[PDB]
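Colleague: build me a model:
(chains A, B, C, D, E, F, G and H)
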Amino acid sequence: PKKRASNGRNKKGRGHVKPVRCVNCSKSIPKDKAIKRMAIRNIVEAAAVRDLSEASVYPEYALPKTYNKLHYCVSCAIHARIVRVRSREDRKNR
Amino acid sequence: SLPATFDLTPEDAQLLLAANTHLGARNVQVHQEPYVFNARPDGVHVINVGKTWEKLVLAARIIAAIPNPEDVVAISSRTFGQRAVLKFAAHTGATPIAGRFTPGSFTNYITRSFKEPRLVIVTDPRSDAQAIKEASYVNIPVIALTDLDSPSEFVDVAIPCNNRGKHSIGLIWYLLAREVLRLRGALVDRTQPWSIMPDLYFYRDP
Amino acid sequence: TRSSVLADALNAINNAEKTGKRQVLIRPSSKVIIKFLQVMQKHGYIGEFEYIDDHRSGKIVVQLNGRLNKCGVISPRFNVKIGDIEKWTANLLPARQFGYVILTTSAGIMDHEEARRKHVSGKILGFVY
Amino acid sequence: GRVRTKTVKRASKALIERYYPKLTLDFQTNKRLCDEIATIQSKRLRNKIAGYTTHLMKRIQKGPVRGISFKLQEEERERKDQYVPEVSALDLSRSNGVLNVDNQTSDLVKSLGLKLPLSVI
Amino acid sequence: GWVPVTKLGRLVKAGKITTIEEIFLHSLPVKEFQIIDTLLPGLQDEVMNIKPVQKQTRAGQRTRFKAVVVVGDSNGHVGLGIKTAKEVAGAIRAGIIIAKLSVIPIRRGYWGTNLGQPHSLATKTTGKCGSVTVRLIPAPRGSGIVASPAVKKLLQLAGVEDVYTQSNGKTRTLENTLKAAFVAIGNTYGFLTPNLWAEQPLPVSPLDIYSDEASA
Amino acid sequence: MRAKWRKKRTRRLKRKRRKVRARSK
Amino acid sequence: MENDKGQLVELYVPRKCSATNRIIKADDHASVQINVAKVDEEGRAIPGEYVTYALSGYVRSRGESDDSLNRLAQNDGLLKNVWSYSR
RNA sequence: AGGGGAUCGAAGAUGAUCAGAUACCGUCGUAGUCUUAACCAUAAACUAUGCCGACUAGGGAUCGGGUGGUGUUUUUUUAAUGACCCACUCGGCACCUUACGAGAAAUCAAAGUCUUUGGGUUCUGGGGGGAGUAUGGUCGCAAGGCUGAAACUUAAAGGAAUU
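Modeller: Residues are numbered from 1 along each chain as shown, chains lettered A, B, ... in the order given. Right below this line is the structure:
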């Protein structure tokens, strides 16, 4: 039977959308069907900022930040544990 | 008819306005309450204090119409108007249902918490929707102190009042306990000010 | 598109009854519904209704008192003999004590009960009960 | 695993609702008092049941808890219901005897009760 | 021994309430089987059948008995109830206690000739429960109750001596048929006939006048 | 066993029998 | 409803809802009865007699039960200026 | 039939793994994936919900347009513009809570105004297989498309929730 009001993923009044490619398994997934997760982690690893600071030209003030978007297929999403099966009561939560 | 002495006197208008019983909710508004009169440009809506007082005694007239002055009960699930109801429960009889409401007090006759009322008052219908819903199966009239953003279902007496405020809820509870005592005749003269103050109904922060 | 003005209008008061309306706005504004409420009001079945007239079709506002349950119109205007008046009464309306099969003849619009008193059969309009 | 079970919990609340001045805050004086009015057929069982009620007298000395009703909680409830504030009566006070209201409020006052104090800020 | 705990139990035990029409007219909340038996002594019990039901689990089955029992005198009071229990005796004894609790009056009239006592229904009535609906058509005298054997004996004790019955859907589901008829017979009073068309003063509830014979 | 395999077997059958008919007619 | 002899057969003629004239069912366990006292000059509420207000559970379902109570108090003269017939 | 022919890539050549692998995993690699002129007329071509017309509980957000409010800004504060705010309206993709109503439920403001059965109109199905097959016509260079059975066989298949 039907599982979601928005059947696949919010494909309503459109009919077709340009598919894209996943970044792990390279699956052809529609634009709105592929989940997009922001990657706003800094260019440096967790903490360790002062370690580069002591060997940093200028009084630092650089703080570069890397931004990226991740396209994941459904199979890779469950495998990466980012999105997990929710209860029927939970399923109506955005 | 009425003796026309039930007008909103300056002293009753002074405590109603100073307690902020006229301010309403935001742009969200249920179209089942045509009691609204204009709004603040910032977003605060304004209710007619005249209609709130007018329909207050209408609720009071139906509360005191019950012969036995102990069958009346009131629900306060939200801890905000907790001690207000005990003042009602201490002045003109009644049994407190303050604090937690047992789910089955209305229908089940075996539970030790089984009462049977003929008329119920609630503060926030959203906060205690269980009370009105359960009471709907025993065909009992109810009273609600709704606000322009609260639903008005399964209620035949809905008091328009502010629910987000100590000065408002405590004062409106104090009033509806005042004329019912006056209408019952325990205060004799209507023009004589009461010796009890709404701040007793107020809830202390500690 | 608009096919039967009476059918579209009559459904609104029926929907009005279902929600308990004492008033409803009807706006095909024709004669064939005007005499529909003339005979309808004759037996005190509804209240006092209002007709709005202007340069175009117009509007109907009816003050209905909440005493009705279900009213309908039978589409293809069937040709009914005198021998089928009692046939239509059994399968459409609760009994012969009440319920009036409104139908029009060459003499005008008037219910089934006095129609068999007329001993003339005409054109079926609907049923009121 | 010192958590008590249901039978001791339900039995414990049965005493204090009518035995407030007998459940002394000392365990030794009421560890055998319960046997005199509660028929317990076990020396071991009668100890923890006396222990639990004694435990609540310790906390009830500090303050009240939920759903107990020991015939004196209502006594303080009917005492703490007449606070009757003397002068801060939220009327003819908290201001210069006049409401601090808005311009739009003036329309509500003059609708039917114009004869009243007013001060639009 | 009764020692009633509810309000309606005290009035009947005191003799204030005589006939059952007062409770039906005022529609007071009543869940006590003592009142119904005392009000109408002449009630007959009937059970259609028993359909076993088992709870599938880790191992084995523990089949219960689900007994549907209808009880009603053939003069205008009938009631229906459904209950499940492990043993047959408990299931049937609980079916009566709830069916008698749910006694519903029926409006009796004619197919329409207006000489004698009521025989059949005034209007056609139906009620959809599950996927089956039953129709009750007024019938000339002498036709009898034509219906399914379970339904026809249900209407035999309803007091109506004849009715024409139409059924739709899977009528094999017996328990769905009576509840469809159970809501149908109650709906029968929900039809606004041109006879009950004058307005009458609304009576005062008997609980208010007899307030002192209530509680305490 | 899947639907397109039913269809592929049937189409193969039509091709063989069409070859047979062409060899005959 | 009447036979030829004269006796009125069939029992418990049901009440009529005050706001909208619908039949209140015996199984309809949502119909409320409202009784309002009367004032006699001095402002004291005399007991014993009330104006009877029968409201069906259909009215209460939509929440307009408060709305319906206005006109019958207004029409009976109990209320003065609450609900204006013209919205 | 040409142009084009970088990546990927039905076939295939291969390397693992497996008892077997002509599959899943890696590397090359033809047709193809791009375009021109002409055919092919198919799909989970789905909102699995035909179109037209009226009525029916509410709330907010969002696209386009319009109206009014010395509304707030935007210069040469100001004349207008432009962005917004407030209030309303029309046409929309539609959401959120409820169920008078329907539904077998999953649920639906339409899947409601269907037993109280009727607004108008087109098309499709009568147990499951056989079989969307045989044959006959018909479009197509073909692959294929449209129409479309029968014999025979079975008492079970199928839909919705539960432990």
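
Colleague: residues near residue 87, how many?
Modeller: Picked chain A for this. Neighbour count of residue A:87, defined by other CB atoms under 10 Å in any protein chain shown: 8. Where C-beta positions appear, they are placed from N, C-alpha and C, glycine not excepted.

Colleague: the chain in question should be chain G.
Modeller: By other CB under 10 Å, the residues close to residue G:87 number 5.

Colleague: span of stretch E:5-23 from start to end?
Modeller: 18 Å (CA to CA, to the nearest Å).

Colleague: does it reach chain B?
Modeller: Yes - residues of stretch E:5-23 are located near chain B by CB under 8 Å from any CB of the partner chain, namely E:5, E:6, E:7.

Colleague: for the residue positioned nearest the centre of chain B, which residues are in contact?
Modeller: Residue closest to the average C-alpha location in chain B (CA atoms, centre = their mean): residue B:145, at 4.7 Å. Neighbour list for residue B:145: B:121, B:122, B:123, B:124, B:158, B:159, B:161, B:163, B:169, B:172 [criterion: CB atoms under 8 Å, 6 or more residues apart in numbering or on different chains].

Colleague: which pair of these spans the longest distance?
Modeller: B:158 and B:169 (15.0 Å; CB to CB).

Colleague: okay, buried residues for the helix or strand hosting residue E:208 please.
Modeller: Element membership for residue E:208 (DSSP states H and E) is helix E:206-209. Neighbour counts over helix E:206-209 (16 or more other CB atoms under 10 Å in any protein chain shown) mark E:206, E:207 as buried.

Colleague: which other residues reach that helix?
Modeller: With contact meaning CB under 8 Å, 6+ apart, helix E:206-209 is reached by B:67, E:7, E:11, E:16, E:17, E:22, E:26, E:28, E:214, G:35.

Colleague: could I get the strand or helix carrying residue D:107 in PDB with only the CA atoms?
Modeller: In the assignment (DSSP H and E), residue D:107 maps to helix D:105-112. Taking C-alpha atoms only, helix D:105-112 is exported to PDB below (Å, rounded to 0.1, in the frame of the first residue of the first chain):
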ATOM      1  CA  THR D 105      -7.600  51.300  24.300                       C
ATOM      2  CA  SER D 106      -9.400  54.700  24.500                       C
ATOM      3  CA  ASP D 107     -12.000  53.500  21.900                       C
ATOM      4  CA  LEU D 108     -13.000  50.600  24.200                       C
ATOM      5  CA  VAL D 109     -13.400  52.900  27.200                       C
ATOM      6  CA  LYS D 110     -15.500  55.400  25.300                       C
ATOM      7  CA  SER D 111     -17.700  52.700  23.700                       C
ATOM      8  CA  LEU D 112     -19.900  52.400  26.800                       C
END
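
Colleague: tell me the contacts of the residue in chain B that RNA strand H sits nearest to?
Modeller: Taking CB to the nearest atom of the strand, RNA strand H has its nearest neighbour within chain B at residue B:31, 3.5 Å off. Counting by CB under 8 Å, 6+ apart, residue B:31 touches no other residue.

Colleague: do you know how far it is from residue A:13?
Modeller: Taking CB to CB, to the nearest Å as the measure, residue B:31 falls 28 Å from residue A:13.

Colleague: for residue C:53, what are its contacts?
Modeller: Residues counted as contacts of residue C:53 (CB under 8 Å, 6+ apart): none.

Colleague: list phi and psi for it.
Modeller: Backbone torsions for residue C:53, taken as degrees, to the nearest 10, come to phi -110, psi 140.

Colleague: do you know how far it is from residue E:209?
Modeller: Distance check for residue C:53 against residue E:209: by CB to CB, it reads 55 Å.

Colleague: what about residue D:40, neighbour count?
Modeller: With neighbours defined by other CB under 10 Å, the count for residue D:40 comes to 14.

Colleague: distance of it from residue D:31?
Modeller: Distance, residue D:40 to residue D:31, by CB to CB: 11 Å.

Colleague: swap in residue D:43?
Modeller: When residue D:43 is compared with residue D:31 (using CB to CB), they lie 11 Å apart.

Colleague: give me the more crowded residue out of the two.
Modeller: Neighbours were counted for residue D:43 and for residue D:31 using other CB under 10 Å; residue D:31 has more, 15 against 8.

Colleague: does residue E:8 count as helix, strand or coil?
Modeller: Three-state call for residue E:8 (DSSP: H, G, I helix; E, B strand; the rest coil): helix.

Colleague: how about it, what does it touch?
Modeller: By CB under 8 Å, 6+ apart, the neighbours of residue E:8 are E:17, E:23, E:28, E:30, E:32, E:35.

Colleague: now, the most widely separated pair of those?
Modeller: Largest separation among the contacts of residue E:8 by CB to CB: E:17 and E:32, giving 12.4 Å.

Colleague: quick one: the strands in chain E, in order.
Modeller: Assigned by DSSP state E, chain E shows strands spanning E:45-53, E:64-73, E:77-85, E:103-105, E:125-129, E:132-137, E:145-146, E:163-168.

Colleague: how about those in JSON lines, adding distance to residue C:44 and mean neighbour count?
Modeller: Below are these laid out as JSON lines (distance: least, CB to CB, whole Å; neighbours: other CB atoms under 10 Å in any protein chain shown):
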{"stretch": "strand E:45-53", "distance to residue C:44": "45", "mean neighbour count": "14"}
{"stretch": "strand E:64-73", "distance to residue C:44": "37", "mean neighbour count": "22"}
{"stretch": "strand E:77-85", "distance to residue C:44": "34", "mean neighbour count": "20"}
{"stretch": "strand E:103-105", "distance to residue C:44": "29", "mean neighbour count": "24"}
{"stretch": "strand E:125-129", "distance to residue C:44": "25", "mean neighbour count": "19"}
{"stretch": "strand E:132-137", "distance to residue C:44": "28", "mean neighbour count": "22"}
{"stretch": "strand E:145-146", "distance to residue C:44": "36", "mean neighbour count": "17"}
{"stretch": "strand E:163-168", "distance to residue C:44": "31", "mean neighbour count": "17"}
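
Colleague: and the angle for the longest helix along chain B with helix D:105-112?
Modeller: In chain B, with assignment by DSSP state H, the single longest helix is helix B:49-63. If you take axes from the mean of the first three to the mean of the last three CA atoms, to 10 degrees, helix B:49-63 sits at 60 degrees to helix D:105-112.

Colleague: for helix B:49-63, packing partners?
Modeller: Judged by 3 or more CB pairs under 8 Å, 6 or more residues apart in numbering or on different chains; DSSP states H and E, helix B:49-63 is in contact with helix B:10-18, strand B:142-144, strand B:157-158, helix B:166-176, helix B:179-184, helix D:105-112, strand G:32-39.

Colleague: now what about it, what contacts it?
Modeller: Helix B:49-63 is contacted by residues B:6, B:8, B:12-13, B:16-17, B:21-22, B:35, B:72, B:119, B:121, B:141, B:143, B:157, B:159-161, B:172, B:175-176, B:179-180, B:183, D:108, D:111-113, G:34, G:36-37, G:73, G:79, G:81-82 when judged by CB under 8 Å, 6+ apart.

Colleague: just the buried subset of these, please.
Modeller: Here, 16+ other CB under 10 Å leaves B:6, B:8, B:12-13, B:16-17, B:21-22, B:35, B:72, B:119, B:121, B:141, B:143, B:157, B:159-161, B:172, B:175-176, B:179-180, B:183, D:108, D:113, G:34, G:36-37, G:73, G:79 buried among the contacts of helix B:49-63.

Colleague: hang on, the earlier thing: the helix or strand that the longest helix of chain B is followed by pairs with which strands, parallel or anti?
Modeller: Once the chain leaves helix B:49-63, the next helix or strand it forms, by DSSP H and E, is strand B:73-76. Sheet pairing of strand B:73-76 (DSSP bridges) gives strand B:97-98 (parallel), strand B:120-122 (parallel).

Colleague: how far does strand B:73-76 sit from its chain's centre?
Modeller: The chain centroid and the centroid of strand B:73-76 are separated by 9 Å, computed with CA atoms, centre = their mean, to the nearest Å.

Colleague: equivalent analysis for stretch D:49-56, please.
Modeller: The answer for stretch D:49-56 is 20 Å, by CA atoms, centre = their mean.
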